[PDB]
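As structure tokens, the structure follows; a few thoughts come after it.
2 protein chains.
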Amino acid sequence: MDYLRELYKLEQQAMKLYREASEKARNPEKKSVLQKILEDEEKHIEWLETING
Amino acid sequence: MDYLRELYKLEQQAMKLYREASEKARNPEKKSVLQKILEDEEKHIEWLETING
Ligand SMILES: [Zn+2]
Ligand SMILES: [Zn+2]
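The structure is reproduced here in structure tokens:
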């Protein structure tokens, strides 16, 4: 029952946290560790769009 | 600076939702599409534990 926007929005609230965290985490150690989670979340967001209708 | 807990919690609020989404997604087509998120999305928590302090 009407449950998929609830998943996707929390899914993108992490991606948007990951943008702002990247501004603070500008050091190359963390900037190359949160980037792999960012690319994994962009993968989920692609599939979430493919599954939306 | 100490934002890592805030990211992990929103990362786990999707995961706690996803724990129940898997029951409504009992159909095996869906249960092999949200499953690849679940395996990636547990992986973030796995690295976040190594990042914690
Ligand atoms: Zn995700
Ligand atoms: Zn994640």
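Taken in order, these protein sequences are the chains called A and B.
Sequential numbering of the first sequence, starting at 0, is according to our numbering.
Sequential numbering of the second sequence, starting at 0, is according to our numbering.
No residue lacks a Cβ here, since even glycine has one placed at the ideal position from N, Cα and C.
- Per DSSP, reduced to three states, the secondary structure at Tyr2/B is coil, with no helix or strand assignment.
- A direct Cα-to-Cα measurement between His43/B and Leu33/A gives close to 9 Å.
- Taking the C-beta atoms as reference points, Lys30/A is found nearer than 7 Å to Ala24/A.
- Within chain B, not a single residue places a beta-carbon under 9 Å from that of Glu28/A; the smallest gap is close to 11 Å.
- Annotation for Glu45/A indicates a beta carbon at 6 Å or more from all heavy atoms of ligand 2.
- Between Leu6/A and chain B, the shortest Cβ-Cβ separation is below 7 Å.
- For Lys42/A, the uninterrupted alpha helix (DSSP H) run begins and ends at 33–50, by DSSP.
- Less than 7 Å divides the Cβ of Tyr7/B from the Cβ of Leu47/B.
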